[PDB]
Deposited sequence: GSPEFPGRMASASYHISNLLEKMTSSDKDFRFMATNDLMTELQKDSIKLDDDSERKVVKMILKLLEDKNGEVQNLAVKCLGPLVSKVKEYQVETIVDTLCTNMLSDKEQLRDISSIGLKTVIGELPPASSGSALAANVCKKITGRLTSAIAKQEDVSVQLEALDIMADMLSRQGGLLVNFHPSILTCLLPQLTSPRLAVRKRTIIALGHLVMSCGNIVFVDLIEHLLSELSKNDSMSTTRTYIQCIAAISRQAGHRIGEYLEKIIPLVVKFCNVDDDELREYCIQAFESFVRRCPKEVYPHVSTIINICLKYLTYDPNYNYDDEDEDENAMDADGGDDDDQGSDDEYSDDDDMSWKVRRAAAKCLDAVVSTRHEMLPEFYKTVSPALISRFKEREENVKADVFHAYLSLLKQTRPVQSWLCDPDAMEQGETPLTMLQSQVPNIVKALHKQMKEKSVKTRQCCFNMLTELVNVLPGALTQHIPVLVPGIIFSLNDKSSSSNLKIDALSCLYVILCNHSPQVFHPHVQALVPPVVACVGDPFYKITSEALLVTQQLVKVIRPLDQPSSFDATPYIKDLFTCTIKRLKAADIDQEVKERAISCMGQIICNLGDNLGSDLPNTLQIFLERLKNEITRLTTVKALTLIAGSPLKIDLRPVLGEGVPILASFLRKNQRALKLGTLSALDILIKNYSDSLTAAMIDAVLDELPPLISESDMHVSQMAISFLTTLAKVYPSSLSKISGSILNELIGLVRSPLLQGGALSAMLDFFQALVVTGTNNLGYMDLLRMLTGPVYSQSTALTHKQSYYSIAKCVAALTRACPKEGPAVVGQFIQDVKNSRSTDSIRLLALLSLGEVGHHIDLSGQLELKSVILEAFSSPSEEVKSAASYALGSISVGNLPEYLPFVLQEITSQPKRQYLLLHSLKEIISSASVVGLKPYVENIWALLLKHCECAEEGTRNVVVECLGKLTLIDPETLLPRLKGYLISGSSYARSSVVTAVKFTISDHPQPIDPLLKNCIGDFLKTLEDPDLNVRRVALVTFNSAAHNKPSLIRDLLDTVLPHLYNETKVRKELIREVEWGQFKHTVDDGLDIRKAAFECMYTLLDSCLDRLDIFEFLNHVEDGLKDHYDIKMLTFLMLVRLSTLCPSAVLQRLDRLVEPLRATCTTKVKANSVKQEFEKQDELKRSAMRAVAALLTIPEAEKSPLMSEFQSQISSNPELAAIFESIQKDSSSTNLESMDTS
């Protein structure tokens, strides 16, 4: 209690040394008190006018923590006294008050802003001291930026204050006034916006001076950029005015006009359509503007900004009007291409961006682009030799998009394009991103072009790529491996004949890939791409590797046991097992089969299809060495897989069994148990449809011919036909059973007695459907039996009978009979119509 009153009394010691130290001590103490807070607040406020300079510094810098830890009411009075000090008659007092109030606002709330605004309006209005105006405008901008909605009733006042300041001699005042006006326009209201736009147009109407008109054009550009949709209503009156001032020979005036054009194009698409042609010609004319040039200074060149603005406006107009692509290719494109050589680096990026936007819009215009391709290459050839890193990235990005938009564009320009890429690759000055971009462009070029064109340049391409594989930086290695994978396809195609000798580079590619393969500690992306690249290498070129082949296969087999790289290894094995060149996978296969069989019970859908495809291809191409031990493990895990949960996996499983039955008939005795029962249960399912039917029908046709014990035509017929005779809520089950028994009958030629067997006879519907399905492609009293069965009380059987008769007819001895029976009686019309429709569909 007494300690605080000691310092408060000491601060008036009339000695400059005492006041400084006392203020410092109190400020230190008041950092981590009921009625003494008012006294300390008032004393700190009074110290702002101290004669000594050092005391004022502490007074103004101690207002931070003071605001931080004092009751709420004292904040109101300190803010009020600072504001009323801002309007005083002393310059130093005004400056110190502004500096302090900045920090006071920094350390925070709704009411204080409303209190501040009323005084700050008159603070900005005064033009005696530009200094205080600067921070006053900054503070108003800060308040309008954050929580400016609550100040609705102050909008006309702040507007009427802000407009006159645009004529101030100091340019900083004009700039900060424009900044404040943008924030005001962000959310002000209809009445204020109308007045502001009307005043701006009226001021632009009379060209009082060149200095002011620049400020008005800048302000209208800013308001268009900020408001957006709100300005489009008045755009009709604005456009002629801004077009008129473009012709004036002023470098800085033109730039704001073009910026306003860009803002109008981007933010007001609806109202800018009539004047797009007018804007395009202006941008085209001013894009080349550079007076003191032809192909410790203080010149202060400003003509590069107008070119940059023109390029940006062309980008904006191109990226929005999709309709006028032919006009773009007719006019804009040659001008952009011609300006690929200009000196200034910044606007080069802008013209490249404009052309990239044009290409993206392109994705007939294609023919025009193809016609213009040679000029693009001629312009890029010189630019890829530039020493600037940023310039070459633009060229590579241009080429990558050009190849994507049309595949065979660069067919005639490989001899000139390749050396630039090679030079970029083996350059010490080049950066990592540049090499990544070069490799990405090379990969896209190689993918989309015929292998013939790259044959002469393989000798030049291989060493730099092999060197880039060995780079320490890991994404460079990934990109190099991806490029090498396609280079292997190019060097030795397999789907087309070739006469190119690929022997010299085989050792280089294998050596560069194997080092990355035998790492086990490198990044994941490098590992997967190394596995894929080595698989492709062995697939395309495997008869020349020789003694190195067996070890790489063991390395592949090692990767199957991992839980993160096994799927890629499965795909690599699938690829290598299906090459036209016969690769000896037998050493791996013996342990590979049990491991691949294990992946079936891992509830990961992506892995099951891959392992099923790998097993199918492996058994298809490498039957010669298959022991009974490995096949049983695969067969044992199948029954869980066949189900109605996922039909695709069941289809792949059925295809595997079909291939096994076709190729290795001995092991088929092992499916007499759970597998066959699960398959038969799946047949009755009501969700079965599509290619699953094809796979199922192929399986039975392949199986019945094998001739295994307990699996015969009679046994299979009884097993499929059992449930109907034993005691089926969906009609689809009957159709599936009929199609299956029809397939079995088609497989076995000696089935006529069986056909008569069901022809003699719920069971009737199944027999009729089976007879109809048997008659679908093979024709064997039947007409009389069908006619007798037509008149049945079951409507669902009548449709089945109608389908059975029609399919059986599908002919010389039945078509006229069916046609006559159609007109024979009116009752036999719907059935006759259905049979005729079925015959026509099956014709």
Quick one: where does the model skip the deposited sequence? 1 to 12, 45 to 49, 126 to 134, 322 to 346, 415 to 430, 795 to 797, 832 to 840, 860 to 863, 894 to 895, 929 to 1238
